[PDB]
Amino acid sequence: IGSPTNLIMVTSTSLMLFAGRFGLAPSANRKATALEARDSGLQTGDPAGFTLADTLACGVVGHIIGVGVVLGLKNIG
Amino acid sequence: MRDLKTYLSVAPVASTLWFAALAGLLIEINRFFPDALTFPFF
Amino acid sequence: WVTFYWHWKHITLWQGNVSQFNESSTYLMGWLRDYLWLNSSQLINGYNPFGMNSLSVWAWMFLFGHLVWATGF
Amino acid sequence: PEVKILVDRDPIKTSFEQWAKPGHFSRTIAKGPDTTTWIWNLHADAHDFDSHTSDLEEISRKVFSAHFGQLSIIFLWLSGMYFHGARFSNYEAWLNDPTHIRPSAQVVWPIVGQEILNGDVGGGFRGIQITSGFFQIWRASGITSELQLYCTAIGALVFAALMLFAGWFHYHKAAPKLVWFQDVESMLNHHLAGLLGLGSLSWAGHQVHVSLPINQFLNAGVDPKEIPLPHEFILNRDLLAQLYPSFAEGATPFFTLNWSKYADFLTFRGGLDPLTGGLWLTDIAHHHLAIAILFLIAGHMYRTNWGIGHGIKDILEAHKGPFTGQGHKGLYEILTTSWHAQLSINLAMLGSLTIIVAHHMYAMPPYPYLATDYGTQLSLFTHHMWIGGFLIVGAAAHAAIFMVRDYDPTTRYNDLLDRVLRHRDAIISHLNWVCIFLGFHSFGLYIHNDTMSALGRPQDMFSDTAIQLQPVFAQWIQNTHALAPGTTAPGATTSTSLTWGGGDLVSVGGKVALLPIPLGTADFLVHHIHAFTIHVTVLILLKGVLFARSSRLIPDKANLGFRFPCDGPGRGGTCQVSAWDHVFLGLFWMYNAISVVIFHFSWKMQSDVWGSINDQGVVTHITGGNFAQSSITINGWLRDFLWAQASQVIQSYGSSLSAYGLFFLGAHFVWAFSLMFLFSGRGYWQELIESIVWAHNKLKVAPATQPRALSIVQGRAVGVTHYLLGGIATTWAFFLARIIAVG
Amino acid sequence: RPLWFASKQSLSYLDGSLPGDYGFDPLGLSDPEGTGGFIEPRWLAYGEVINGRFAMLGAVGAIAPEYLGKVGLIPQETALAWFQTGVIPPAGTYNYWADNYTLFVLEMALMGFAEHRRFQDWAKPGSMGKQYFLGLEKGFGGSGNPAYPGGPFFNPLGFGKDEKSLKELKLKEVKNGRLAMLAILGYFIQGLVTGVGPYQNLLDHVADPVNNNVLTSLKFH
Amino acid sequence: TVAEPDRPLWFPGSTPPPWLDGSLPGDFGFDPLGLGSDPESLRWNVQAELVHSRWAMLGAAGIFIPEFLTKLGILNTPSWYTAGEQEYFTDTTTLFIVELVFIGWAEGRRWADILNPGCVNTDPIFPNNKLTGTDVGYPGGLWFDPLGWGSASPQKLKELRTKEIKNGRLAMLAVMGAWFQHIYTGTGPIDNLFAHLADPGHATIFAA
Ligand code: CLA
Ligand code: CLA
Ligand SMILES: CC(/C=C/C=C(C)/C=C/[C@@]12O[C@]1(C)C[C@@H](O)CC2(C)C)=C\C=C\C=C(C)\C=C\C=C(C)\C=C\[C@@]12O[C@]1(C)C[C@@H](O)CC2(C)C
Ligand SMILES: CC1=C[C@H](O)CC(C)(C)[C@H]1/C=C/C(C)=C/C=C/C(C)=C/C=C/C=C(C)/C=C/C=C(C)/C=C/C1=C(C)C[C@H](O)CC1(C)C
Ligand SMILES: CC1=C(/C=C/C(C)=C\C=C\C(C)=C\C=C\C=C(C)\C=C/C=C(C)/C=C/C2=C(C)CCCC2(C)C)C(C)(C)CCC1
Ligand code: SF4
Ligand SMILES: [Ca+2]
């Protein structure tokens, strides 16, 4: 650890991971319009259809939110 | 091989070879006999 | 070509500078630089940001022709 | 719907058999010539693939391999430039003393007298001064020795070989399937994130590890041979740390989001480095990093094999409204079917881009010692303007080829296109009107000023001293840019460009680099000239596209093709109704527009920008600030621009610039030569040729390939080609002699 | 049939018959639909095998002289890291009986013969046991399977005489190779960031696992 | 004149081109660019390879043997590379014109033989002399085959002609070898040989 940046990074990260994980985020098996269900064809041991492609996606999104927020927190106060 | 010699006989290629030879010749002649408004040997 | 020839030979004769034609008429840059370019000097200044003179009617007309000619294209 | 690698093996056999059969691609041309017209058609149809075959897969394979051929040629050309930089350049001497030495990368042989073109460029070097700009690039890249240029030339040659090989490979061995090409989401995802993103990131890497430090030692006056090699900055981080201390951290601030600590070599200062007159390399590396992130993000927008992301067809179809009907419905099918459509959009955007580049490179000189090298700057701006304009006229040509060849409402319909076609008369009539209004109220103002000045009424002119037409809007804009740093861009230290912000004149070697560019009635009038010329070009080309199918004069025009001379003397006469002839006509107007643009650039930059500066700071501009009072009149353009600034090129004989005098006259010659073709017609020429042919048969020397006058269309194409070459090369010689002598 | 990150594409062709099959091709590289050069699934299997074997040899020989140099009978003049061997001159060099370039020409000659003939068994099986090669031809006729030619030279002891043991040993060779490739990759990245050699790096992690070069991310030669 | 289908090829496993059936001496199936693809050009190039081979064997002798002996305490002969600059009993140009005349005669008659086989076998002065060869490139006769080793059975002539062509290929490579060596190194070829024999691991291409 060694910073409050860790808290915001695991915050935005784990929050987006949780979003894409169960529901209320366009997962690989959930296509959005303006969240319809669809098949990726890519199997996953996780029973809820949360795949590896969506794992990488939600992680990177949690890092975009997290780095943007921490740089918005440090460059303000 | 026969087809390649045929291609090398085609108008533009034969023209580049021919005029390239002619250019090298005229260049070298003007290199050993530069300037010259006249035929000096009479 | 005829009139360029006549006018340049005479305009050099009238200036006592016949040599300028004799040496400069053997290459085309000589015609472009020492006839047209050189003798446009007073013409194109017939009017300018600093005033006018009697040559303005010839400056104007000079462009008029340039325009009409180009319109023809 | 599962994106994947798809090719076919050995579609076309590698053989010289069809090398020996001219016109093999065409069933008619392959029969060989009965007349000389054959010889021209063979060359006009060589790259018209969709006329050779109707199979989209074959066409796509030809296109792909052809692109490989192009890239091979480009790499061979870059290999040439770097090799000449290593072997026939004064680049090291210039690298020592840039503000004095003139860059020269070509040396001529002493054969016929031409060695005079090897002029004194400094550094004990005789040669031709180059205006391409490679010295400023190589310096900005940290390149010091000729050896590094050798290595780059060898790598470039190798890549030429690789590209050529891949062309042969993907046409003759592994040729992609049609579905492979049509995977548009995959292609856009890989060009956004893979090509542009990883390219920009890689370049940021080279800059932070090579360009920034080596340029620090160059700017600190260190001798280039004494500068550490670029990899010594990668090995011993103490060299960089001495130059840039942040490198002592070990990229830990990057992962810990302490990125502000990198403000050392990643900066948002803006403006120009006053030593080099180019943009801050810290700002540039930071820039390439940001761009890299943006494109790497943009490359995940489109769905491929994992369900996340967008289908482009979905996006198109959702966009429709009460004015446009079902619009955008059908465009995915058109843009994945017609090559000419894609080439049309890409030519439009790539040319427009090239023009934007032309502006941004002068107003924000990106390389060191580039701004003060006026020959290189004028050459670059003019060059990229020409490329842009040509590319845009091409975009019109291929929009027209789409309309004639690939448009089919019974199969691939689009509502927007149909509606446009359904009020083409309104569109073209209104564009026509705007063009007339702009002609009068831009050029007619010039005629007003010439007439008032000739009559001795300068107070009745349109001038900053008489009837002022101030560009109030643009002035307000550049003021807002001047005020931006610290206010609406608190991170920006200085103005975005020195053309905006008042003061902060930048001078290098006594010559100015950039200062605030004034704007007045002269600039107003010229800008409306640019508006006018662009609108007329758009009129000709757009009219060509929208009436390519049909018109009230010719209802079946699309059946006559994209490129045809006419439909005869009837209906009053129908010459030049083809969309091709609209491209022909639009080329002249692109020439007109771009010509006035580059004249405006040279005139304005020499009058109000470029010049020398005193030790006490008194600036003398190359021309005496005479733009404001002399450009507002056509006579002023004839006299104070053309007649004045042509003295160098007509006085170049006997110097190393005499080649520009020769090209001046020769380009005049080919331009006048074009008028023979543009003003006449092939019937006269064919009759004359009948008499000449008689003379040959008299002596048993008439050829079997019967001589024919050029086609009507070829007459036009020859004509416009020589017109453009002559005019453009004339301005070329004029510009280069002028700015090399007085710059 | 344990499956790892399979897809409908992958299971469409990955049949389980290929040694080491876990049905894993998320990019569909072994998809048999489009097949040209080097995207043939057979070629990718033979390639995984060859890369795997070479990677076994390299994974061993890269860390061996360093370890033996720690405590062993090897002279410390010759006991180096894999990257300081003279492979990468800026990382380090050693003066052998040759100039390292003559060594390279030599090795490209020997590997020239071995690899060229190997390929000829791939392109025309059994063609390397026909033309006169000063004998040796018989073992160069191959088994009809390029990755597994066997014969007297390459399989003298004939392990896996039954298909079951040969298939298990093939699964073993595949997983061994997949492990060794990741190994030599690890040598690359470790020696890149750490710079002390792979085994010395591991030891930096042994007495102090709290070292953990991940968070450090520092690099020196 | 004997097809040889299973002959050892240059590229084991590869298929020989159809215009190389093994009948020619020295046929290892090597013509990847199809330079002898048509029969006419293969005929011509067979004569070419033969003449190049013989000239290159004489040249390999003239370089390597005198350089080797003069390297010892036997001869004083100068370096083959610089032997042209030497001053002989007359100027080299007139020697060269002599050479062009006589060699021009020989090459001219060989030329007439290639273009019109057999038409050139008679002495234009003493007709009873004549030449025995029936194959182009192997003229025979008392002058060119006095020991008669050239007129023999097939398979023997194929063995010997194969020997000639392989020796000649080696000699071509060797002559150009001493050339590029003397340009690259600064000595004669025998010094390259000895310098390499002393330290073959180092004294190579890469000692410079
Ligand atoms: C990150 C992957 C990637 C990259 C970097 C590129 C890069 C490029 N593509 Mg490609 N393409 C890709 C994936 C990619 N493509 C995909 C997924 C598709 C859809 C299936 C396409 C289909 C496509 C078509 C149809 C065409 C291109 C073209 C081009 C060239 C455009 C001109 C240019 O910018 O020159 C800049 C030059 C360089 C950056 C030099 C570097 C180029 C290196 C050598 C290639 C690196 C990427 C390459 C694909 C790696 C594969 C090699 C391997 C299989 C042996 C360019 C080099 C055009 C082309 O083929 O031009 C010949 C073109 O017609 N692309
Ligand atoms: C200098 C030569 C010249 C001139 C004057 C023009 C003029 C014009 N062209 Mg043309 N063109 C030219 C060269 C020229 N062209 C050439 C060489 C080509 C071959 C490539 C073309 C091909 C071409 C095409 C394909 C098109 C045009 C179009 C136009 C019109 C543009 C609209 C406009 O500006 O209206 C205003 C008029 C002017 C700016 C001319 C000057 C007006 C003066 C200053 C006003 C004086 C009025 C005064 C009261 C006169 C009364 C006096 C009394 C005694 C009668 C315009 C009238 C476009 C068009 O049709 O229009 C939309 C069109 O599509 N041109
Ligand atoms: C190497 C050479 C030719 C090489 C050709 C090659 C590899 C071509 C191969 C291929 O084309 C094929 C076949 C088939 C294609 O599908 C593929 C490729 C791969 C393209 C000729 C040498 C030919 C070499 C010759 C002929 C040398 C003759 C020497 C003479 C005459 C004597 C010279 C001297 O006299 C001097 C001048 C001075 C004296 O002091 C010394 C001496 C040496 C005595
Ligand atoms: C499959 C796939 C498909 C899907 O779809 C997707 C994905 C997943 C992406 C994919 C991919 C994956 C991966 C990762 C791969 C990788 C591989 C590798 C790594 C290899 C190596 C491999 C490797 C290798 C061979 C290596 C080898 C090595 C060696 C020999 C070494 C050597 C050496 C030694 C000893 C010592 C010295 O001193 C040095 C040297 C000289 C150096
Ligand atoms: C299975 C399991 C589980 C779960 C787990 C989890 C929850 C996971 C996850 C997750 C994760 C672990 C995530 C993370 C991630 C990351 C990522 C995905 C990355 C990213 C990246 C990138 C690419 C970045 C980029 C960037 C940005 C953002 C911007 C700027 C620049 C940079 C570069 C920085 C449990 C426990 C239940 C049980 C057991 C096992
Ligand atoms: S003059 Fe020529 S272009 Fe005009 S209608 Fe007649 S044939 Fe057609
Ligand atoms: Ca495939």
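Each ligand, and each atom within it, is numbered from 1 in the order the structure gives. Protein chains get the first letters and strands the later ones, always in sequence-line order, with residue 1 at the start of each. Side-chain atoms are counted along with the backbone in the values below, which use heavy atoms only and exclude waters and symmetry mates.
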* Counting from 1, what ligand 1 atoms have a heavy atom of D/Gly194 closer than 4.0 Å? ->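 Those qualifying, in numeric order: 1 (C).
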* Asked: Within the stated cut-off of 3.0 Å, is an N/O/S atom of E/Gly34 closer than that to the Ca ion (ligand 7)?
  ->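 For E/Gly34, the answer is yes, given that an N, O or S atom comes within less than 3.0 Å of the Ca ion (ligand 7).
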* Asked: Is it the side chain (CB and beyond), the backbone, both or neither of D/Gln70 that lies under 4.0 Å from ligand 1, heavy atoms counted?
  ->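 Neither part.
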* Asked: For ligand 1, does D/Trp180 get within less than 4.0 Å through its side chain, its backbone, both, or neither, judged by non-hydrogen atoms?
  ->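 Answer for D/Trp180: both.
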* **Nearest protein heavy atom under 4.0 Å from atom 6 (C) of ligand 2, yes or no** =>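 Under 4.0 Å from atom 6 (C) of ligand 2, zero protein heavy atoms found.
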* Selected option - heavy-atom contact closest to atom 63 (C) of ligand 2, from D/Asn592, D/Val434, D/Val536 ->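 Nearest heavy atom to atom 63 (C) of ligand 2 lies in D/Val536.
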* Asked: Nearest heavy atom to atom 27 (C) of ligand 2: which of D/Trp589, D/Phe440, D/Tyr446, D/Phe532 does it belong to?
  ->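 The residue whose heavy atom sits nearest atom 27 (C) of ligand 2 is D/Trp589.
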* Any N/O of D/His67 closer than 3.5 Å to an N/O of ligand 1? ->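 Yes.
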Contact partition for [X] relative to ligand 2, non-hydrogen atoms under 4.0 Å:
X	answer
D/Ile436	both
D/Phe588	side chain
D/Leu539	side chain

* Whether D/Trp433 lies under 4.0 Å from ligand 2, heavy atom ->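 The answer is no, since D/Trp433 has no heavy atom less than 4.0 Å from ligand 2.
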